[PDB]
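Undergrad: Provided herewith: work-v4.tsv, TSV, N, CA and C atoms.
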```tsv
chain	number	residue	atom	x	y	z
A	1	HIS	N	7.78	-3.67	13.77
A	1	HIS	CA	7.37	-3.68	12.33
A	1	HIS	C	8.51	-3.19	11.44
A	2	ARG	N	8.97	-4.04	10.52
A	2	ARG	CA	9.99	-3.65	9.54
A	2	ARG	C	9.34	-3.01	8.32
A	3	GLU	N	10.02	-2.05	7.72
A	3	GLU	CA	9.46	-1.29	6.60
A	3	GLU	C	10.36	-1.30	5.38
A	4	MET	N	9.76	-0.95	4.24
A	4	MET	CA	10.46	-0.88	2.97
A	4	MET	C	9.90	0.25	2.11
A	5	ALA	N	10.78	0.83	1.30
A	5	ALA	CA	10.48	2.05	0.57
A	5	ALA	C	10.06	1.77	-0.86
A	6	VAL	N	8.95	2.37	-1.27
A	6	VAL	CA	8.50	2.33	-2.65
A	6	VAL	C	8.89	3.65	-3.33
A	7	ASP	N	9.88	3.59	-4.21
A	7	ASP	CA	10.34	4.75	-4.96
A	7	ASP	C	10.53	5.97	-4.06
A	8	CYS	N	11.69	6.03	-3.41
A	8	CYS	CA	12.04	7.15	-2.53
A	8	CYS	C	13.43	7.69	-2.90
A	9	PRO	N	13.58	9.03	-2.96
A	9	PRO	CA	14.84	9.65	-3.37
A	9	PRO	C	15.90	9.68	-2.26
B	1	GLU	N	-15.25	-3.12	-1.28
B	1	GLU	CA	-16.01	-3.55	-0.07
B	1	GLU	C	-16.34	-2.31	0.79
B	2	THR	N	-15.32	-1.75	1.45
B	2	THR	CA	-15.37	-0.37	1.98
B	2	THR	C	-13.99	0.26	1.76
B	3	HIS	N	-13.43	0.01	0.58
B	3	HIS	CA	-12.05	0.35	0.27
B	3	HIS	C	-11.96	1.53	-0.69
B	4	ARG	N	-10.77	2.14	-0.75
B	4	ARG	CA	-10.51	3.29	-1.61
B	4	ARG	C	-9.46	2.94	-2.65
B	5	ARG	N	-9.82	3.10	-3.92
B	5	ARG	CA	-8.91	2.87	-5.03
B	5	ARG	C	-8.16	4.17	-5.30
B	6	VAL	N	-6.88	4.20	-4.92
B	6	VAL	CA	-6.04	5.38	-5.10
B	6	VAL	C	-5.01	5.09	-6.19
B	7	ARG	N	-4.88	6.00	-7.15
B	7	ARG	CA	-3.93	5.80	-8.23
B	7	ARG	C	-2.84	6.86	-8.28
B	8	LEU	N	-1.60	6.38	-8.29
B	8	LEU	CA	-0.42	7.23	-8.36
B	8	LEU	C	0.14	7.15	-9.78
B	9	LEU	N	-0.67	7.62	-10.72
B	9	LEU	CA	-0.27	7.82	-12.11
B	9	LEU	C	0.81	8.89	-12.13
B	10	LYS	N	1.88	8.64	-12.88
B	10	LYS	CA	2.95	9.63	-13.05
B	10	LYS	C	2.72	10.47	-14.31
B	11	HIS	N	2.49	9.80	-15.43
B	11	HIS	CA	2.46	10.44	-16.75
B	11	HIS	C	3.72	11.28	-16.97
B	12	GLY	N	4.84	10.58	-17.16
B	12	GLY	CA	6.13	11.21	-17.48
B	12	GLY	C	6.63	12.22	-16.46
B	13	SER	N	6.38	11.94	-15.18
B	13	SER	CA	6.76	12.84	-14.10
B	13	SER	C	7.91	12.27	-13.28
B	14	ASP	N	8.80	13.16	-12.85
B	14	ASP	CA	9.96	12.79	-12.04
B	14	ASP	C	9.49	12.40	-10.64
B	15	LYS	N	8.76	13.33	-10.01
B	15	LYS	CA	8.21	13.15	-8.67
B	15	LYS	C	8.04	11.68	-8.31
B	16	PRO	N	8.79	11.21	-7.30
B	16	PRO	CA	8.67	9.82	-6.88
B	16	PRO	C	7.32	9.54	-6.23
B	17	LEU	N	6.98	8.26	-6.07
B	17	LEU	CA	5.78	7.90	-5.32
B	17	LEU	C	5.95	8.37	-3.88
B	18	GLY	N	7.14	8.13	-3.33
B	18	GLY	CA	7.50	8.66	-2.02
B	18	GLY	C	6.60	8.19	-0.89
B	19	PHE	N	6.59	6.88	-0.66
B	19	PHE	CA	5.99	6.31	0.54
B	19	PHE	C	6.68	5.00	0.90
B	20	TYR	N	6.51	4.58	2.14
B	20	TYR	CA	7.06	3.33	2.64
B	20	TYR	C	5.90	2.40	3.00
B	21	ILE	N	6.15	1.09	2.98
B	21	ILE	CA	5.18	0.10	3.47
B	21	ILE	C	5.83	-0.77	4.54
B	22	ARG	N	5.01	-1.39	5.38
B	22	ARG	CA	5.53	-2.24	6.46
B	22	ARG	C	4.65	-3.45	6.77
B	23	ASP	N	5.23	-4.39	7.52
B	23	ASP	CA	4.50	-5.53	8.08
B	23	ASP	C	3.56	-5.06	9.19
B	24	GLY	N	2.34	-5.60	9.19
B	24	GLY	CA	1.38	-5.35	10.27
B	24	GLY	C	0.45	-6.54	10.45
B	25	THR	N	-0.59	-6.34	11.25
B	25	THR	CA	-1.58	-7.37	11.52
B	25	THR	C	-2.96	-6.82	11.21
B	26	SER	N	-3.69	-7.51	10.34
B	26	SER	CA	-5.06	-7.12	10.00
B	26	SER	C	-6.01	-8.22	10.42
B	27	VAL	N	-7.25	-7.84	10.72
B	27	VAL	CA	-8.26	-8.80	11.15
B	27	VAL	C	-9.26	-9.08	10.03
B	28	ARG	N	-9.38	-10.36	9.67
B	28	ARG	CA	-10.21	-10.79	8.56
B	28	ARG	C	-11.22	-11.83	9.04
B	29	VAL	N	-12.27	-12.05	8.24
B	29	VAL	CA	-13.33	-13.01	8.60
B	29	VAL	C	-12.98	-14.43	8.17
B	30	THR	N	-13.46	-15.41	8.93
B	30	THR	CA	-13.22	-16.83	8.66
B	30	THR	C	-14.42	-17.61	9.16
B	31	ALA	N	-14.47	-18.91	8.86
B	31	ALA	CA	-15.48	-19.80	9.43
B	31	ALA	C	-15.32	-19.95	10.95
B	32	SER	N	-14.09	-19.74	11.44
B	32	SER	CA	-13.81	-19.73	12.87
B	32	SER	C	-14.26	-18.43	13.53
B	33	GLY	N	-14.26	-17.34	12.77
B	33	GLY	CA	-14.63	-16.03	13.29
B	33	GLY	C	-13.65	-14.98	12.80
B	34	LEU	N	-13.30	-14.04	13.67
B	34	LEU	CA	-12.34	-12.98	13.33
B	34	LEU	C	-10.93	-13.40	13.73
B	35	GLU	N	-10.00	-13.36	12.77
B	35	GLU	CA	-8.64	-13.85	12.97
B	35	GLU	C	-7.61	-12.76	12.66
B	36	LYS	N	-6.52	-12.73	13.43
B	36	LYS	CA	-5.39	-11.84	13.15
B	36	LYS	C	-4.52	-12.49	12.08
B	37	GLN	N	-4.36	-11.82	10.95
B	37	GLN	CA	-3.50	-12.33	9.88
B	37	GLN	C	-2.47	-11.28	9.48
B	38	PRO	N	-1.33	-11.73	8.92
B	38	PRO	CA	-0.30	-10.80	8.45
B	38	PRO	C	-0.83	-9.86	7.38
B	39	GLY	N	-0.46	-8.59	7.48
B	39	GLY	CA	-0.90	-7.58	6.53
B	39	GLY	C	0.21	-6.67	6.08
B	40	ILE	N	-0.11	-5.81	5.12
B	40	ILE	CA	0.81	-4.79	4.63
B	40	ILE	C	0.16	-3.42	4.81
B	41	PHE	N	0.92	-2.49	5.39
B	41	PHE	CA	0.40	-1.19	5.79
B	41	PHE	C	1.32	-0.06	5.36
B	42	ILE	N	0.77	1.15	5.30
B	42	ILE	CA	1.54	2.33	4.91
B	42	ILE	C	2.34	2.81	6.12
B	43	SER	N	3.66	2.86	5.97
B	43	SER	CA	4.57	3.30	7.04
B	43	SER	C	4.52	4.81	7.21
B	44	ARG	N	4.86	5.52	6.14
B	44	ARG	CA	4.84	6.98	6.14
B	44	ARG	C	4.88	7.54	4.72
B	45	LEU	N	4.55	8.83	4.62
B	45	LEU	CA	4.49	9.53	3.34
B	45	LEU	C	5.61	10.55	3.28
B	46	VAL	N	6.44	10.47	2.24
B	46	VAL	CA	7.55	11.39	2.07
B	46	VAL	C	7.03	12.74	1.57
B	47	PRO	N	7.41	13.84	2.24
B	47	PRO	CA	7.09	15.20	1.77
B	47	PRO	C	7.54	15.46	0.33
B	48	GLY	N	6.62	15.94	-0.50
B	48	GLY	CA	6.92	16.26	-1.89
B	48	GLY	C	6.53	15.17	-2.87
B	49	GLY	N	6.53	13.92	-2.41
B	49	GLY	CA	6.17	12.77	-3.24
B	49	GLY	C	4.70	12.74	-3.62
B	50	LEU	N	4.38	11.99	-4.68
B	50	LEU	CA	3.02	11.92	-5.21
B	50	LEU	C	2.02	11.36	-4.22
B	51	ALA	N	2.46	10.40	-3.40
B	51	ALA	CA	1.60	9.76	-2.41
B	51	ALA	C	0.99	10.79	-1.47
B	52	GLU	N	1.83	11.68	-0.94
B	52	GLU	CA	1.36	12.77	-0.10
B	52	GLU	C	0.43	13.71	-0.87
B	53	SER	N	0.78	14.01	-2.13
B	53	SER	CA	0.04	14.97	-2.94
B	53	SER	C	-1.42	14.59	-3.22
B	54	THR	N	-1.76	13.31	-3.10
B	54	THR	CA	-3.14	12.87	-3.32
B	54	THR	C	-4.07	13.35	-2.21
B	55	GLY	N	-3.63	13.15	-0.96
B	55	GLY	CA	-4.45	13.47	0.21
B	55	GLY	C	-5.46	12.38	0.51
B	56	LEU	N	-5.27	11.21	-0.08
B	56	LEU	CA	-6.15	10.06	0.11
B	56	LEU	C	-5.42	8.93	0.84
B	57	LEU	N	-4.14	8.75	0.50
B	57	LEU	CA	-3.25	7.85	1.23
B	57	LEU	C	-2.87	8.46	2.58
B	58	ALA	N	-2.85	7.61	3.61
B	58	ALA	CA	-2.53	8.03	4.98
B	58	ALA	C	-1.78	6.93	5.72
B	59	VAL	N	-1.11	7.31	6.80
B	59	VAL	CA	-0.32	6.36	7.57
B	59	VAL	C	-1.23	5.33	8.26
B	60	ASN	N	-0.78	4.07	8.27
B	60	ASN	CA	-1.53	2.93	8.83
B	60	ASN	C	-2.77	2.52	8.03
B	61	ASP	N	-2.80	2.89	6.74
B	61	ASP	CA	-3.80	2.35	5.81
B	61	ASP	C	-3.31	0.99	5.34
B	62	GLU	N	-4.25	0.06	5.13
B	62	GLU	CA	-3.90	-1.32	4.76
B	62	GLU	C	-3.93	-1.49	3.25
B	63	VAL	N	-2.88	-2.08	2.70
B	63	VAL	CA	-2.83	-2.32	1.27
B	63	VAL	C	-3.65	-3.56	0.98
B	64	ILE	N	-4.68	-3.41	0.16
B	64	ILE	CA	-5.55	-4.54	-0.19
B	64	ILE	C	-5.08	-5.18	-1.49
B	65	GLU	N	-4.95	-4.37	-2.54
B	65	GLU	CA	-4.37	-4.84	-3.80
B	65	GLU	C	-3.51	-3.79	-4.48
B	66	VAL	N	-2.67	-4.27	-5.40
B	66	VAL	CA	-1.81	-3.43	-6.22
B	66	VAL	C	-2.15	-3.74	-7.67
B	67	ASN	N	-2.75	-2.77	-8.35
B	67	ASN	CA	-3.13	-2.93	-9.75
B	67	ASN	C	-3.89	-4.22	-10.03
B	68	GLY	N	-4.92	-4.47	-9.22
B	68	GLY	CA	-5.83	-5.58	-9.43
B	68	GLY	C	-5.47	-6.88	-8.72
B	69	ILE	N	-4.27	-6.94	-8.15
B	69	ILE	CA	-3.78	-8.16	-7.53
B	69	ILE	C	-3.75	-8.00	-6.02
B	70	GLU	N	-4.57	-8.80	-5.34
B	70	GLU	CA	-4.65	-8.82	-3.88
B	70	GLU	C	-3.33	-9.23	-3.29
B	71	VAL	N	-2.92	-8.55	-2.22
B	71	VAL	CA	-1.62	-8.80	-1.60
B	71	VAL	C	-1.69	-9.75	-0.40
B	72	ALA	N	-2.90	-10.21	-0.07
B	72	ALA	CA	-3.06	-11.16	1.03
B	72	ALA	C	-2.27	-12.42	0.73
B	73	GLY	N	-1.49	-12.87	1.72
B	73	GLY	CA	-0.63	-14.04	1.58
B	73	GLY	C	0.79	-13.69	1.17
B	74	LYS	N	1.01	-12.46	0.72
B	74	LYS	CA	2.32	-12.06	0.21
B	74	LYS	C	3.19	-11.37	1.26
B	75	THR	N	4.50	-11.59	1.15
B	75	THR	CA	5.50	-10.96	2.01
B	75	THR	C	5.77	-9.51	1.59
B	76	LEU	N	6.47	-8.78	2.45
B	76	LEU	CA	6.73	-7.36	2.22
B	76	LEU	C	7.66	-7.13	1.02
B	77	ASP	N	8.61	-8.03	0.80
B	77	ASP	CA	9.51	-7.94	-0.35
B	77	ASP	C	8.76	-8.14	-1.65
B	78	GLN	N	7.74	-9.00	-1.62
B	78	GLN	CA	6.94	-9.25	-2.79
B	78	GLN	C	6.08	-8.05	-3.12
B	79	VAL	N	5.42	-7.49	-2.11
B	79	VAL	CA	4.52	-6.36	-2.32
B	79	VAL	C	5.29	-5.13	-2.78
B	80	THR	N	6.41	-4.86	-2.12
B	80	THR	CA	7.31	-3.79	-2.54
B	80	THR	C	7.66	-3.93	-4.02
B	81	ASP	N	8.04	-5.15	-4.42
B	81	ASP	CA	8.41	-5.47	-5.80
B	81	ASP	C	7.24	-5.30	-6.77
B	82	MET	N	6.04	-5.62	-6.32
B	82	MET	CA	4.83	-5.41	-7.12
B	82	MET	C	4.61	-3.93	-7.37
B	83	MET	N	4.89	-3.11	-6.36
B	83	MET	CA	4.64	-1.68	-6.43
B	83	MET	C	5.66	-0.94	-7.29
B	84	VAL	N	6.93	-1.27	-7.12
B	84	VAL	CA	8.00	-0.64	-7.92
B	84	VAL	C	7.98	-1.13	-9.37
B	85	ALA	N	7.48	-2.35	-9.59
B	85	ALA	CA	7.28	-2.87	-10.94
B	85	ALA	C	6.27	-2.00	-11.68
B	86	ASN	N	5.15	-1.71	-11.02
B	86	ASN	CA	4.06	-0.90	-11.58
B	86	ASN	C	4.21	0.62	-11.29
B	87	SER	N	5.42	1.07	-10.98
B	87	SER	CA	5.64	2.40	-10.38
B	87	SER	C	5.23	3.59	-11.25
B	88	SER	N	5.15	3.38	-12.56
B	88	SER	CA	4.72	4.46	-13.47
B	88	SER	C	3.24	4.77	-13.23
B	89	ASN	N	2.39	3.76	-13.41
B	89	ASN	CA	0.97	3.89	-13.12
B	89	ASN	C	0.61	2.87	-12.06
B	90	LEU	N	0.89	3.24	-10.81
B	90	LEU	CA	0.57	2.42	-9.65
B	90	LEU	C	-0.87	2.69	-9.23
B	91	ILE	N	-1.62	1.63	-8.95
B	91	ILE	CA	-2.99	1.74	-8.46
B	91	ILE	C	-3.10	0.92	-7.18
B	92	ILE	N	-3.19	1.61	-6.05
B	92	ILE	CA	-3.34	0.96	-4.76
B	92	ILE	C	-4.81	0.94	-4.39
B	93	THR	N	-5.26	-0.16	-3.80
B	93	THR	CA	-6.55	-0.20	-3.12
B	93	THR	C	-6.26	-0.42	-1.65
B	94	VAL	N	-6.76	0.49	-0.81
B	94	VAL	CA	-6.48	0.45	0.62
B	94	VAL	C	-7.74	0.45	1.46
B	95	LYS	N	-7.61	-0.03	2.69
B	95	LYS	CA	-8.63	0.11	3.70
B	95	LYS	C	-8.15	1.20	4.65
B	96	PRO	N	-8.75	2.41	4.56
B	96	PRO	CA	-8.30	3.55	5.37
B	96	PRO	C	-8.29	3.28	6.86
B	97	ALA	N	-7.23	3.71	7.54
B	97	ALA	CA	-7.06	3.48	8.97
B	97	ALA	C	-8.31	3.87	9.76
B	98	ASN	N	-8.91	5.00	9.39
B	98	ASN	CA	-10.15	5.48	10.00
B	98	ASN	C	-11.23	5.65	8.93
```
Please, can you express the file's structure as structure tokens?
TA:
Amino acid sequence: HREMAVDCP
Amino acid sequence: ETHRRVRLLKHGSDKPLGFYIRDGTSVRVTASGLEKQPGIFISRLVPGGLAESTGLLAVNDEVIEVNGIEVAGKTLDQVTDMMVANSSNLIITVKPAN
């Protein structure tokens, strides 16, 4: 499973 | 349906949303029966971010809609883009893992 970040510092 | 409407309202706050989403498989109803279809799920919650601070979002929860728009049929790049677009007042509807 590939992932992606929603508003991360 | 049996879903939770969680809202990550900022109201002029720095604190990021601080969560990730990923590709997964969800089971939905059809005329054929129960089918495995592509889904979008919560990867993890960043410490300090607003997502964690709610206590309602959890890992492996399924994203149903983003601010009124169902994400079924959409790719991960699209859903990510929907969420960061609405990032000030984001409203997620999820199906809790448990």
Undergrad: For a quick check of understanding, using all atoms listed in the file, which of B:80, B:30, B:60, B:67 has the smallest distance to residue B:97?
TA: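 Among B:80, B:30, B:60, B:67, it is B:60 that comes nearest to residue B:97.
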Undergrad: Can you check which residues of chain A DSSP gives as strand (DSSP E or B) on the backbone and send them as a list in words?
TA: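 Strand (DSSP E or B) assignments inside chain A correspond to residues 3, 4, 5 and 6 of chain A.
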Undergrad: Please produce, as a tab-separated table, a per-residue contact table for chain B versus stretch 3-9 of chain A (criterion: any atom at most 6.5 Å away, only N, CA and C atoms considered), showing the nearest atom pair and its distance in Å to one decimal, sorted by chain then residue number.
TA:
```
residue	atom	partner	partner_atom	distance
B:16	CA	A:7	C	5.1
B:17	N	A:7	C	4.7
B:18	N	A:7	C	4.1
B:19	C	A:6	N	4.1
B:20	CA	A:5	CA	4.2
B:21	N	A:4	C	3.9
B:22	CA	A:3	CA	4.0
B:23	N	A:3	CA	5.3
B:80	CA	A:6	CA	6.2
B:83	C	A:6	CA	6.3
B:84	CA	A:7	N	5.9
```
Undergrad: May I have all residues of stretch 1-91 of chain B that DSSP, computed from the backbone, assigns to helix (DSSP H, G or I), given as a ChimeraX atom specification?
TA: /B:50-54,76-85
Undergrad: Give me the box for stretch 14-31 of chain B as AutoDock Vina command-line options, namely the centre and edge lengths in Å to one decimal of a box along x, y and z that holds every listed atom plus 8 Å on each side.
TA:
```
--center_x -2.8 --center_y -3.3 --center_z -0.7 --size_x 41.4 --size_y 49.3 --size_z 40.4
```
Undergrad: For atom CA of residue B:86 and atom N of residue B:37, determine how far apart the two atoms are, in Å to one decimal place.
TA: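 Calculated distance between atom CA of residue B:86 and atom N of residue B:37 is 26.4 Å.
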Undergrad: Which value, in Å to one decimal, gives the distance between atom N of residue B:70 and atom CA of residue B:98?
TA: 21.7 Å
Undergrad: Which neighbours of residue B:5 fall inside 6.5 Å, counting all atoms listed in the file, when residues of the same chain fewer than 3 positions from it are skipped, and could you give them as a PyMOL selection string?
TA: chain B and resi 91-94
Undergrad: Can you pull out every residue within 7 Å of residue B:45, counting only N, CA and C atoms, but drop anything in the same chain fewer than 3 positions away, and send it as an MDAnalysis selection string?
TA: chainID B and resid 18:20 42 48:49 51:52 58:59
Undergrad: In Å, with one decimal, what is the gap from atom CA of residue B:89 to atom N of residue A:2?
TA: 26.2 Å
Undergrad: Could you list, as a PyMOL selection string, every residue within 6.5 Å of residue B:10, counting all atoms listed in the file and ignoring same-chain residues fewer than 2 positions away?
TA: chain B and resi 8+12-13+87-90
Undergrad: Filtering to N, CA and C atoms, could you give me those residues as a compact mmCIF listing (two decimals), in the frame of the given file?
TA:
```
# COMPACT_ATOMS: atom_id res chain seq x y z
N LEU B 8 -1.60 6.38 -8.29
CA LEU B 8 -0.42 7.23 -8.36
C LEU B 8 0.14 7.15 -9.78
N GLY B 12 4.84 10.58 -17.16
CA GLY B 12 6.13 11.21 -17.48
C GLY B 12 6.63 12.22 -16.46
N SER B 13 6.38 11.94 -15.18
CA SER B 13 6.76 12.84 -14.10
C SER B 13 7.91 12.27 -13.28
N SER B 87 5.42 1.07 -10.98
CA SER B 87 5.64 2.40 -10.38
C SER B 87 5.23 3.59 -11.25
N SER B 88 5.15 3.38 -12.56
CA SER B 88 4.72 4.46 -13.47
C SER B 88 3.24 4.77 -13.23
N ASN B 89 2.39 3.76 -13.41
CA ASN B 89 0.97 3.89 -13.12
C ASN B 89 0.61 2.87 -12.06
N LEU B 90 0.89 3.24 -10.81
CA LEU B 90 0.57 2.42 -9.65
C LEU B 90 -0.87 2.69 -9.23
```
Undergrad: Name the closest residue to chain A among the candidates B:54, B:4, B:85, B:72; distances are taken between atoms, counting only C-alpha atoms.
TA: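 With only C-alpha atoms as the atom set, the closest residue is B:85.
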Undergrad: For a quick check of understanding, using only N, CA and C atoms, which of B:74, B:3, B:15, B:28 has the smallest distance to chain A?
TA: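 Going through B:74, B:3, B:15, B:28 one by one, the smallest distance to chain A is for B:15.
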